[PDB]
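Colleague:
Residue numbers (PDB author numbering), protein chains in the order written: chain B, 1 to 214; chain A, 10 to 24, 27 to 72, 74 to 99, 107 to 110, 113 to 224.
If you want it as structure tokens, here you go:
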């Protein structure tokens with residue numbers, strides 16, 4: 001089939017600037033059957049471009065597509081706040097039809113280190129036989145951040161789950177929540193619970209911890 | 010809407028130049044990219060995606077409609093399904118489909134509070150852990166909607182048990198943990214579960 005690689009994958013710009021998104025096909029696309037979709041969080045994908053160059057109804061002339069063969073491009077001139085979103089390229093020329101992995105167009109801002117907080121499990125939950133330990137990474141940029149759970153200095157793996165908020169509309173930052181899940185027995189069998197955070201805005205990793213039973 | 014594994018997914022969309032019209036089905040799994048399922052002309056000639064090794068069946072029927081039939085469904089088939097036409108493509114909306122061996126269950130709401138007392142002057146974080154519920158749609162506010170600034174309600178995660186878990190937090194100034202009360206407002210309509218949870222730290 002025809003795989004499609006989009007670049008940059010994550011594009012960080014500011015309103016007023018010019019955005020250039022690239023879509024490369026492994027083999028040529030003869031009839032230029034290339035489409036571009038725009039998608040905002042929680043919404044359905046809106047068709048932006050069809051036939052590689054034709055603009056769909058509902059979109060201003062700031063959006064334009066071009067290219068042929070194996071190279072295609074979406075250009076957004078004079079960026080507006082409602083332009084920042086996920087963008088997918090699509091080929092419907094040769095079966096099977098495929099999709100690009102997508103490019104995230106986000107608002108660029110200055111680097112901000114996360115504020116880290118740790119929350120022990122509640123006695124309420126501990127009464128049920130399960131313990132959830134939560135680590136909060138508040139208001140950071142860029143989105144890339146790493147969380148390492150340690151229980152009595154033992155690195156935890158495969159027993160935690162993360163989720164990240166969408167880019168904040170006010171300060172353009174991200175927030176992350178991580179949950180370490182243990183049985184009550186295992187939880188009571190240990191003392192020091194630590195969340196260690198690494199981020200490019202941090203001079204050194206930030207560790208927030210607590211002792212079970214204080 | 011929702012159905013159990015090993016069951017049959019069946020959808021239908023309404024319906027121009029039929030001889031040159033192609034009908035396509037696509038889907039998007041939660042937090043993932045777009046995926047093409049199948050295409051069909053008016054005669055009935057069929058093309059599908061190799062990943063779906065024949066479990067997919069698309070035909071156009074008399075009634076002005078065309079259908080999608082996915083056989084032997086799995087949790088991996090949980091997605092939002094869209095149907096489009098093509099001459107130039109185009110048809113929002115869509116149909117949310119959740120495949121799970123779980124039952125409808127209201128969430129438990131636990132407090133998220135620091136182990137130790139908060140230092141005055143700085144910022145304190147607090148919240149609610151909305152754990153073990155199904156299906157997805159749960160909503161959270163704070164102080165009946167009076168508190169919105171600094172609130173971060175995170176996307177739910179799907180646990181190995183098949184139940185969802187969500188965290189909602191807020192950061193407040195520390196010199197108000199004794200003058201202001203904080204209550205998370207949790208509503209899970211599928212189970213008719215409303216919970217009011219007051220979270221209180223020291224100081």
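Where is the CB? At the ideal position from N, CA and C, for every residue including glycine.
Just mark residue 103/B as buried or exposed, buried being the case when its beta carbon has 16 or more other beta carbons within 10 Å.
Modeller: Classification for residue 103/B: buried.
Colleague: Here's the rule I'm using: 16 or more other beta-carbon atoms within 10 Å means buried, otherwise exposed. How should residue 69/A be labelled?
Modeller: Counting Cβ neighbours within 10 Å, residue 69/A comes out buried, since at least 16 surround it.
Colleague: Step through the CB atoms of chain A and report whether any lies within less than 8 angstroms of the CB of residue 17/B.
Modeller: Residue 17/B does not count as touching chain A.
Colleague: State the DSSP-derived secondary structure class of residue 212/A, mapped to helix, strand or coil.
Modeller: Correct three-state label for residue 212/A: helix.
Colleague: Could you tell me the alpha carbon to alpha carbon distance between residue 204/A and residue 14/A, rounded to whole angstroms?
Modeller: The alpha-carbon atoms of residue 204/A and residue 14/A are separated by roughly 38 angstroms.
Colleague: Just grab the DSSP bridge partners of residue 34/A for me.
Modeller: Residue 34/A is bridged to 51/A, 97/A.
Colleague: Can you give the beta carbon distance from residue 152/A to residue 177/B, rounded, assuming they're within the 8 angstroms contact cut?
Modeller: The pair is not a contact, with the Cβ atoms about 12 angstroms apart (cut-off 8 angstroms).
Colleague: When the Cα atoms are used, what is the spatial distance from residue 16/B to residue 75/B?
Modeller: Looking at the two C-alpha atoms, the distance is approximately 13 angstroms.
Colleague: Quick one: what does DSSP say residue 187/B is sitting in, helix, strand or coil?
Modeller: The answer is helix: DSSP assigns residue 187/B an H, G or I state.
Colleague: Which parts of the stretch 141–215 of chain A are runs of the beta strand (DSSP E), unbroken and 3 residues or longer, counting only runs that do not cross its ends?
Modeller: Fully enclosed beta strand (DSSP E) runs of 3 or longer: 144–154, 160–163, 172–174, 185–194, 203–209.
Colleague: Residue 37/B: buried (16+ other C-beta within 10 angstroms of its C-beta) or exposed?
Modeller: Buried, since its Cβ has 16 or more Cβ neighbours within 10 Å.
Colleague: I want to know whether the stretch 129–145 of chain A touches the stretch 27–43 of chain A - three or more CB-CB distances under 8 angstroms.
Modeller: No: the two stretches stay apart, fewer than three of their Cβ pairs being nearer than 8 angstroms.
Colleague: Between residue 48/B and chain A, is the shortest Cβ-Cβ distance under 8 angstroms, so that the two count as touching?
Modeller: Taking Cβ atoms only, chain A never reaches closer than 8 angstroms to residue 48/B, which makes this a no.
Colleague: Check distances from the C-beta atoms of the stretch 88–102 of chain B to those of chain A and list, in chain order, the residues that come in under 9 angstroms.
Modeller: Within the stretch 88–102 of chain B, the qualifying residues are 88, 90, 92, 95, 96, 97, 98, 99, 100, 101, 102.
Colleague: Which value, in whole angstroms, describes the spacing of the CA atoms of residue 76/A and residue 57/A?
Modeller: Near 18 angstroms, if we compare the C-alpha coordinates of residue 57/A and residue 76/A.
Colleague: When you compare only the Cα positions, how much space is there between residue 22/B and residue 212/B?
Modeller: Each residue's alpha carbon lies about 51 angstroms from the other.
Colleague: What does residue 199/B pair with, by DSSP beta-bridge criteria?
Modeller: Paired residue(s): none; residue 199/B is not in a bridge.
Colleague: Tell me where the alpha helix (DSSP H) around residue 126/B begins and ends.
Modeller: Segment 123–126, the alpha helix (DSSP H) holding residue 126/B.
Colleague: Which of the three DSSP states is assigned to residue 89/A in this structure?
Modeller: Of the three classes helix, strand and coil, the one that applies to residue 89/A here is helix, per DSSP.
Colleague: Could you compute how far the alpha carbon of residue 74/A sits from the alpha carbon of residue 209/A?
Modeller: Cα to Cα, the separation comes out at about 41 angstroms.
Colleague: Assuming residue 84/A is part of the beta strand (DSSP E), what are its boundary residues?
Modeller: Careful: residue 84/A lies outside any beta strand (DSSP E) and carries neither H nor E.
Colleague: Measuring CA to CA, which of 128/A, 21/A, 89/A, 198/A is closest to residue 72/A?
Modeller: Per the Cα distances, 21/A.
Colleague: Tell me which residue opens and which closes the beta strand (DSSP E) that residue 34/B is part of.
Modeller: Looking at the DSSP string, the run of the beta strand (DSSP E) that includes residue 34/B is 34–39.
Colleague: According to DSSP, is residue 93/B part of a helix, a strand, or is it coil?
Modeller: Coil at residue 93/B, not helix or strand.
Colleague: Compare the C-beta of residue 132/A against all C-beta atoms of chain B and say whether one is closer than 8 angstroms.
Modeller: Closer than 8 angstroms: yes.
Colleague: I need the DSSP call for residue 131/B, collapsed to helix, strand or coil.
Modeller: It is a strand residue.
Colleague: Decide yes or no for the touch test of the stretch 162–170 of chain B against the stretch 115–127 of chain B: beta carbon pairs closer than 8 angstroms, at least 3 of them.
Modeller: Not touching, per the Cβ criterion.
Colleague: Entirely within the stretch 11–82 of chain B and at least 3 residues each: give me those beta strand (DSSP E) ranges in chain order.
Modeller: List check, beta strand (DSSP E) in window: 19–29, 34–39, 46–50, 63–76.
Colleague: Given that residue 38/A touches chain B, what residues does it touch there, using C-beta distances under 7 angstroms?
Modeller: Per Cβ cutoff of 7 angstroms: no residues; residue 38/A is ~11 angstroms from chain B at best.
Colleague: Judging by CA-CA distance, which residue of 45/A, 224/A, 196/A is the nearest neighbour of residue 99/B?
Modeller: Residue 45/A is the option with its Cα nearest to residue 99/B.
Colleague: Mind checking whether residue 13/B and residue 108/B have CB atoms under 8 angstroms apart?
Modeller: In contact: residue 13/B and residue 108/B (Cβ atoms closer than 8 angstroms).
Colleague: Is the CB of residue 184/A under 8 angstroms away from at least one CB in chain B?
Modeller: No - not a single Cβ of chain B is within 8 angstroms of the one on residue 184/A.
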